[PDB]
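Just so you know, these numbers use all the heavy atoms, side chains as well, and skip hydrogens, waters and symmetry mates. The residues of the chain are indexed from 1 along the displayed sequence.
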Amino acid sequence: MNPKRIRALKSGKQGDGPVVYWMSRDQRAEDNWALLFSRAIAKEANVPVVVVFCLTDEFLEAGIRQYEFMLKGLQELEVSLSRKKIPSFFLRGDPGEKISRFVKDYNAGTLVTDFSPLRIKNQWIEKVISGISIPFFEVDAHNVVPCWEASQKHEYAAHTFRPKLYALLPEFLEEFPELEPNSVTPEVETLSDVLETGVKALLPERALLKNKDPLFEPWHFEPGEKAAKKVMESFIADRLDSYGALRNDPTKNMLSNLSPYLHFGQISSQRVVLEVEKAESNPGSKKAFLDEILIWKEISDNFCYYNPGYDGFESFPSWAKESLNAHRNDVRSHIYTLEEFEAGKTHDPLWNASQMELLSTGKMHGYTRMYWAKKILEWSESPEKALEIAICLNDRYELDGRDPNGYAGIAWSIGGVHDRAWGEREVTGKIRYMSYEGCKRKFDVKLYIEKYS
Ligand SMILES: Cc1cc2nc3c(=O)[nH]c(=O)nc-3n(C[C@H](O)[C@H](O)[C@H](O)COP(=O)(O)OP(=O)(O)OC[C@H]3O[C@@H](n4cnc5c(N)ncnc54)[C@H](O)[C@@H]3O)c2cc1C
């Protein structure tokens, strides 16, 4: 176990009770460094380990598609942890109040959590730190190389972060040790009831069409740690060989479809990389997929970790801020509202078809995500407005939304973060432009539009 994966958030006197793993980002029992580090500290203290998840008050800011995908995976996890003699406690409310109350009520000895560079997680950490007196650690269980170890600052381009991440791969890319069960079972409601009451509170804001029928189709991605592994094996056996050549074709289902499992932490990215590295396929197809799940995925954590305003105009590069400011007063060709974008009521059928795939499946194709966001910048009153619209629609309807990949992906499309300057156009400036005619020369746009009416 590498000690560089764990960082101390607060020092204190260790209690004599169970080590608490405050689970948040990585909701899985296998290949979890945070859960393994919690079990090792528990073994060294002759004390059991416990898992605590908090059902926050912010679930009403999303939809039913993410609330059901997350809770149905937690129901499977509670069984998996119970087979290892590990009990799971699911608290409802503010984690600044619940975690501090759970630590005091259960005489917690050490508190551990997984790493997340998002603002809402840092908000919880500040509230928990002020109300506990036991040691508090955090473990990077989402990235192969710890986010604070891959780079000590913000990397402005992928070609500057790639040699840093690959030079540390021989050290951190390793096999996971087996989770040891608790020696004996130690000494706040059923998830089925919390799922029922939460869905009932989310029903009025459910996405519906004119016939009062729901838009979301929940049969595209089955939640759970078991279904996540089956998707990973299917991608290696059937889709990995054709990933390098068809990853930019939305009419082909040649992607790994691992993002909803990677976001909620139902599968480990290090586990996927380990199986890809030992799989024999096209070298160009493996290089492209590892560049997305390692470089572009972990550089999104680096962007959110070293830029406090990662969701604001101030985090854009200086060349993009100067270019967008010089084109602020340029007359936009069209200006649509938030609901016009949300309902897919634009003049662009390719954009509307992209929005319909987001509304119906909760996972829009990777290539169309770049077109979908860049057109929001072209048809908004200001770059700040396009950021809010893109973040809203991405975090509301994407199953993998509310993730550092989304903010770093939106920042690349609108603010050119981790990009370079292109030909200067009006309105958009030097930001990389993506035209409708350019997409027709890349893939069958008529097939993608006809599929999502
Ligand atoms: C405007 C926009 C919004 C996005 N919204 C999200 C989002 O809400 N949530 C999210 O997790 N990703 C987002 N992305 C990144 C990317 O679109 C998705 O990760 C990708 O489509 C996920 O589907 P997949 O697993 O089938 O792709 P795959 O090609 O099979 O890639 C596998 C994994 O590599 C990672 N990856 C791939 N592409 C990227 C990328 N461009 N940036 C970072 N990581 C990547 C992902 O973790 C992905 O799961 C967004 C990108 C853009 C441009």
Side-chain angles (χ1 to χ4, degrees), residues 27 59-71 73-76 192 195 198-199 201-209 211 213-221 223-225 227-228 231-235 238-239 246-247 249-252 254-264 266-267 339 341-344 346 349-369 371-373 390 392-403 405-406 409 443-445 447-449 452-453:
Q27 306 163 18
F59 81 99
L60 263 166
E61 294 176 345
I64 295 180
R65 55 185 72 187
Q66 302 95 0
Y67 193 65
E68 294 239 59
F69 194 93
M70 202 179 61
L71 262 60
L74 291 179
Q75 263 157 105
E76 170 185 330
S192 159
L195 192 41
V199 163
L202 292 150
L203 269 178
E205 297 152 23
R206 210 204 197 166
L208 305 125
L209 49 96
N211 317 335
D213 263 8
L215 259 301
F216 184 63
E217 306 169 353
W219 60 79
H220 290 270
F221 315 101
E225 202 168 348
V231 171
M232 156 181 96
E233 310 173 328
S234 297
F235 167 68
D238 303 337
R239 305 190 293 277
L246 297 80
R247 64 177 191 110
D249 199 330
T251 74
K252 310 266 176 26
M254 219 36 72
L255 308 182
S256 76
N257 290 325
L258 285 171
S259 59
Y261 311 99
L262 285 172
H263 161 63
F264 292 109
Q266 296 182 357
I267 196 173
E339 320 87 59
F341 286 139
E342 187 180 30
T346 77
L350 175 56
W351 194 98
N352 297 338
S354 307
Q355 180 71 16
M356 292 314 296
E357 177 182 39
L358 167 58
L359 286 178
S360 58
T361 73
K363 178 177 180 299
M364 181 215 274
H365 190 270
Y367 189 82
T368 48
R369 295 154 95 129
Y371 185 91
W372 169 82
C392 173
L393 296 175
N394 163 111
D395 288 355
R396 167 62 180 84
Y397 298 113
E398 297 276 17
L399 294 169
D400 41 26
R402 302 164 301 170
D403 191 282
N405 296 339
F443 67 88
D444 192 356
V445 294
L447 213 263
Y448 183 77
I449 294 171
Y452 297 102
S453 152

Aromatic centroids of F264 and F69 separated by under 6.0 Å: yes

Pair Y371 + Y367: ring centers closer than 6.0 Å: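 Distance test on ring centres: not under 6.0 Å, no.
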
Intermediate values then yes/no, side chain to side chain contact (heavy atoms under 4.5 Å, CB included), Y452 and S354: CA-CA 8 Å; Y452 297 102; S354 307; over 6 Å; no

Of the non-hydrogen atoms in [X] and [Y], which two are nearest, and what is the gap between them?
X	Y	value
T361	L399	O-CD1, 3.6 Å
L255	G366	CD1-N, 4.0 Å
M364	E357	CG-OE1, 3.5 Å
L208	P214	CD2-N, 4.2 Å
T368	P250	CG2-CG, 3.7 Å
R402	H263	O-CE1, 3.2 Å

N257 and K363: CA distance, side-chain angles, deciding distance, side chain to side chain contact (heavy atoms under 4.5 Å, CB included) verdict: CA-CA 8 Å; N257 290 325; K363 178 177 180 299; 2.9 Å; yes

Distance check, rounded to the nearest 0.5 Å: [X] atom [atom1] versus [Y] atom [atom2]?
X	Y	atom1	atom2	value
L203	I64	CG	CD1	4.5 Å
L202	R65	CG	CZ	11.5 Å
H365	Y448	NE2	OH	8.0 Å
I267	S256	CD1	OG	9.0 Å
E61	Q66	CD	CD	11.5 Å
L246	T251	CG	OG1	8.0 Å

Aromatic ring pairing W372/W351, orientation class (parallel under 30°, perpendicular over 60°, tilted between): parallel

N/O donor-acceptor pair under 3.5 Å between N211 side chain and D213 backbone: no

Main-chain N/O of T346 paired to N352 side chain as donor or acceptor, under 3.5 Å: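 Side chain of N352 to backbone of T346: a pair is present.
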
Side chain to side chain, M356 and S453, heavy atoms closer than 4.5 Å: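 They are not in side-chain contact.
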
Pair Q355-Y397, side-chain donor/acceptor within less than 3.5 Å: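 No, no side-chain donor-acceptor contact under 3.5 Å.
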
Sidechain N-carboxylate O distance under 4.0 Å for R396, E342: no

Candidate pair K252 and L447, rule side chain to side chain contact (heavy atoms under 4.5 Å, CB included), full reasoning: CA-CA 10 Å; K252 310 266 176 26; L447 213 263; over 6 Å; no

